[PDB]
Amino acid sequence: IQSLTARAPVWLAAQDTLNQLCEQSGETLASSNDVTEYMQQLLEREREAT
Amino acid sequence: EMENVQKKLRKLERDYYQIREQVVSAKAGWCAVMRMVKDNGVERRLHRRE
Amino acid sequence: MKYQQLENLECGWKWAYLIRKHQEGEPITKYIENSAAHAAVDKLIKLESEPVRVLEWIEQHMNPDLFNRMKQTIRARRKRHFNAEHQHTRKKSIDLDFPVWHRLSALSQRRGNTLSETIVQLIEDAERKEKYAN
Amino acid sequence: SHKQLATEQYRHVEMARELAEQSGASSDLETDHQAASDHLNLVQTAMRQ
Amino acid sequence: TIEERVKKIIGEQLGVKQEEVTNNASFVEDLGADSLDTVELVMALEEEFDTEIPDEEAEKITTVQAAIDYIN
DNA sequence: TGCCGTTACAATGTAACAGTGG
DNA sequence: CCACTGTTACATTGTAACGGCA
Ligand SMILES: *P(=O)(O)OCC(C)(C)[C@@H](O)C(=O)NCCC(=O)NCCS
C-alpha cells in the first residue's frame, strides 16, 4: 500500500495531464506508439499548412 | 483491575462521540457545495485529484 | 508557533485594519505634518492588493505606538481564523447580567479556574447531584 | 476493547456466582462440623463417667 | 413523526429532498451515495439518535426502509 | 526578552421572540 | 389584528493582560 501510495501522485498527475492533452485533441491516446503516430500526423498537417 | 479499563473505554467513547459530530457536520456542509459544483466545475476543473 | 502564518492573508488583514483605523481618525503615520501623513495614507490607499509592499510601507511610515495593538489584533485574527473551521474549536459568545456575572467570576477567581472551567465543574457537580438523587 | 471488557465481566460474574455457591456449601459444612465437635465432647464425657 | 428525523437527515446527507427518497430504493446505487457517503450517512444516523450500530447491523441498511426499521 | 497563544472582556449590529396598546 | 418595544442570544471585531517558550 505504501509503495502504491508513493507511486500514486506521479501516476495521477500523469493521467490528468494526458487526459487534458488528449481531450484538447479530438482523439484519445492509448499507447506511446499511438502518441508517436499522432505526432507524425501533426507533422504532416504542419508541413501541409505551411 | 477491569474497572480502570472501563473508565478508559469511557474516555475513548467520548472522544469517538466528538469525532462523530465533527464528521456529520462536515458532511452537512459539503452537501450544498456538491450540489452547486455539479455544474461542470467539479467534473475536472476543481477536482484536481493529484 | 501553533498556527502557520500566511502572507497574502495576514497582509490583507493588516491593510484592512489600517484603513479602518484611518477612517476612524486614528493617526496611522508618525508624521505630525498633515501633508506627509496624507501623502503616506494615499500611498497606502493605492497600495491595495500588495502584501510585500504594504509590509514595507508599515516599516517606513507606520506610527510607532500602534505596533503592539496591530500585532495583537493580528494574533487574535489568526487564532480565530484557524479555530473557526471546526465546531469544537469555535467559541460561543453570550451576554450575562451583571449580578450573575459577578457571582460566577467570584467563583472563578476563588477557585483559580477560567469561566469555561468553572462552569464545566459546576455543571458536572449538578449532573452528579442529579445522579445521586437518581 | 468494549466487547472484550464485557466478556471479561461476564466471565467474572459467572465465577463470582459459583464461588458464592461454594461459600454456602462451606457454611453448611461449618454447621455440620460444629455438631460433630459437640458429639465428640459428649462421647468424651460419657467415657469419663 | 419520529421518522421525520431519518427522512430529514438522509436528505441532508445525500442532497435529495424529503420526498425524493422512496422506501423501495437503495442508498448504495439508487440514491447516488457511494461507499464513503454510505458510511457517512450511517454514522450521521448513529449520531442523530445518540445510539450505536455495529458493522454487521449497519451493513443491512442499503435500502431506504431499513433506516427506520432498526430505529422504530 | 519578543513572539504567540490565550483569556476576558467592550461595542455594536441582528435576528428572533414576547410584550404592549390601539 | 396590527404595529411598535423590550429582551435574549448570538456574531463580529478589537484590546489588554497573562503566561509559555526560544
Ligand atoms: P468507498 O469506496 O467510499 O470507500 C469507503 C472507505 C473505505 C473510505 C470507508 O469509508 C469505508 O466504507 N469502509 C468500510 C467500513 C470499514 O472499513 N470499517 C472499519 C472499522 S475499524
# chains A, B, ... in the order shown; residues from 1 in each chain; ligands from 1
>>> residues_around(residues="range 21-33 of chain C", least_positions_apart="4", cutoff="7 Å", atoms="only C-alpha atoms (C1' of nucleotides)", output="PDB file with N, CA and C atoms, in the first residue's frame")
ATOM      1  N   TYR C  17      -7.092  46.599   8.427  1.00  0.00           N
ATOM      2  CA  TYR C  17      -7.082  47.148   9.778  1.00  0.00           C
ATOM      3  C   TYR C  17      -6.612  48.591   9.773  1.00  0.00           C
ATOM      4  N   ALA C  37       1.575  62.972   6.230  1.00  0.00           N
ATOM      5  CA  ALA C  37       0.647  61.933   6.654  1.00  0.00           C
ATOM      6  C   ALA C  37      -0.364  61.627   5.559  1.00  0.00           C
ATOM      7  N   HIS C  61       6.478  54.043   7.276  1.00  0.00           N
ATOM      8  CA  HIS C  61       5.627  55.163   7.659  1.00  0.00           C
ATOM      9  C   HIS C  61       4.756  54.856   8.873  1.00  0.00           C
ATOM     10  N   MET C  62       4.798  53.640   9.413  1.00  0.00           N
ATOM     11  CA  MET C  62       3.871  53.261  10.477  1.00  0.00           C
ATOM     12  C   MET C  62       4.085  54.018  11.787  1.00  0.00           C
ATOM     13  N   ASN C  63       2.970  54.382  12.424  1.00  0.00           N
ATOM     14  CA  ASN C  63       3.005  55.028  13.730  1.00  0.00           C
ATOM     15  C   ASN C  63       3.636  54.081  14.751  1.00  0.00           C
ATOM     16  N   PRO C  64       4.626  54.522  15.528  1.00  0.00           N
ATOM     17  CA  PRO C  64       5.274  53.595  16.473  1.00  0.00           C
ATOM     18  C   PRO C  64       4.345  52.979  17.508  1.00  0.00           C
TER      19      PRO C  64
END
>>> interface_residues(of="chain A", to="chain B", cutoff="9 Å", atoms="only C-alpha atoms", output="PyMOL selection string")
chain A and resi 8-13+16
>>> residues_near_ligand(ligand="ligand 1", cutoff="6 Å", atoms="only C-alpha atoms (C1' of nucleotides) and all ligand atoms", output="list in words")
residues 34, 35, 36 and 39 of chain E
>>> residues_around(residues="range 4-18 of chain E", least_positions_apart="4", cutoff="7 Å", atoms="only C-alpha atoms (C1' of nucleotides)", output="PDB file with C-alpha atoms, in the first residue's frame")
ATOM      1  CA  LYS B  27     -20.855  16.231   5.532  1.00  0.00           C
ATOM      2  CA  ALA B  28     -23.719  18.636   6.194  1.00  0.00           C
ATOM      3  CA  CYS B  31     -23.820  18.627   0.696  1.00  0.00           C
ATOM      4  CA  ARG B  35     -24.979  20.319  -5.348  1.00  0.00           C
TER       5      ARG B  35
ATOM      6  CA  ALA E  33     -24.403   7.705  -2.260  1.00  0.00           C
ATOM      7  CA  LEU E  41     -24.883   8.501   6.221  1.00  0.00           C
ATOM      8  CA  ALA E  67     -33.162   3.178   8.117  1.00  0.00           C
ATOM      9  CA  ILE E  68     -36.382   3.318  10.144  1.00  0.00           C
TER      10      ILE E  68
END
>>> select_by_dssp(residues="chain A", states="helix (DSSP H, G or I)", output="ChimeraX atom specification")
/A:2-24,32-49
>>> interface_residues(of="chain C", to="chain F", cutoff="10 Å", atoms="only C-alpha atoms (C1' of nucleotides)", output="ChimeraX atom specification")
/C:1-3,71-72,75-76,79,114-115
>>> write_last_selection(atoms="C-alpha atoms", output="mmCIF file, in the first residue's frame")
data_model
loop_
_atom_site.group_PDB
_atom_site.id
_atom_site.type_symbol
_atom_site.label_atom_id
_atom_site.label_comp_id
_atom_site.auth_asym_id
_atom_site.auth_seq_id
_atom_site.Cartn_x
_atom_site.Cartn_y
_atom_site.Cartn_z
ATOM 1 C CA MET C 1 4.178 28.623 16.914
ATOM 2 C CA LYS C 2 0.841 26.838 16.606
ATOM 3 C CA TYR C 3 -0.844 28.483 13.592
ATOM 4 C CA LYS C 71 0.282 42.744 16.440
ATOM 5 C CA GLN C 72 -2.246 41.512 18.983
ATOM 6 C CA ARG C 75 -2.684 37.338 16.604
ATOM 7 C CA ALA C 76 -6.367 37.196 17.513
ATOM 8 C CA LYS C 79 -6.279 32.286 16.046
ATOM 9 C CA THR C 114 -11.438 30.048 33.946
ATOM 10 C CA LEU C 115 -15.046 30.798 33.133
#
>>> interface_residues(of="chain D", to="chain B", cutoff="9 Å", atoms="only C-alpha atoms", output="list in words")
residues 1, 2, 5, 8 and 9 of chain D
>>> write_last_selection(atoms="N, CA, C and O atoms", output="PDB file, in the first residue's frame")
ATOM      1  N   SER D   1     -12.283  -3.403  22.234  1.00  0.00           N
ATOM      2  CA  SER D   1     -11.996  -3.376  23.661  1.00  0.00           C
ATOM      3  C   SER D   1     -13.272  -3.431  24.483  1.00  0.00           C
ATOM      4  O   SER D   1     -13.298  -4.054  25.549  1.00  0.00           O
ATOM      5  N   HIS D   2     -14.342  -2.805  23.998  1.00  0.00           N
ATOM      6  CA  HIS D   2     -15.604  -2.815  24.718  1.00  0.00           C
ATOM      7  C   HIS D   2     -16.156  -4.227  24.831  1.00  0.00           C
ATOM      8  O   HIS D   2     -16.566  -4.662  25.914  1.00  0.00           O
ATOM      9  N   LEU D   5     -14.040  -6.267  27.256  1.00  0.00           N
ATOM     10  CA  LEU D   5     -14.333  -5.966  28.648  1.00  0.00           C
ATOM     11  C   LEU D   5     -15.670  -6.551  29.064  1.00  0.00           C
ATOM     12  O   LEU D   5     -15.806  -7.076  30.172  1.00  0.00           O
ATOM     13  N   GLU D   8     -15.159 -10.238  29.623  1.00  0.00           N
ATOM     14  CA  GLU D   8     -14.467 -10.471  30.881  1.00  0.00           C
ATOM     15  C   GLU D   8     -15.400 -10.267  32.060  1.00  0.00           C
ATOM     16  O   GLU D   8     -15.358 -11.030  33.031  1.00  0.00           O
ATOM     17  N   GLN D   9     -16.246  -9.244  31.996  1.00  0.00           N
ATOM     18  CA  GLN D   9     -17.220  -9.036  33.055  1.00  0.00           C
ATOM     19  C   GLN D   9     -18.145 -10.234  33.179  1.00  0.00           C
ATOM     20  O   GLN D   9     -18.502 -10.638  34.287  1.00  0.00           O
TER      21      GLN D   9
END
>>> atom_distance(atom1="CA of residue 87 in chain C", atom2="CA of residue 18 in chain B")
9.8 Å
>>> residues_around(residues="range 53-55 of chain E", least_positions_apart="2", cutoff="12 Å", atoms="only C-alpha atoms (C1' of nucleotides)", output="PyMOL selection string")
(chain D and resi 2-3) or (chain E and resi 39+42-51+57-61+67+70-71)
>>> interface_residues(of="chain G", to="chain C", cutoff="9 Å", atoms="only C-alpha atoms (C1' of nucleotides)", output="ChimeraX atom specification")
/G:8-11,13-15
>>> atom_distance(atom1="CA of residue 46 in chain B", atom2="CA of residue 2 in chain A")
26.3 Å
>>> atom_distance(atom1="CA of residue 45 in chain C", atom2="CA of residue 15 in chain C")
8.8 Å
>>> interface_residues(of="chain B", to="chain C", cutoff="10 Å", atoms="only C-alpha atoms", output="PyMOL selection string")
chain B and resi 18-19+21-23+25-26
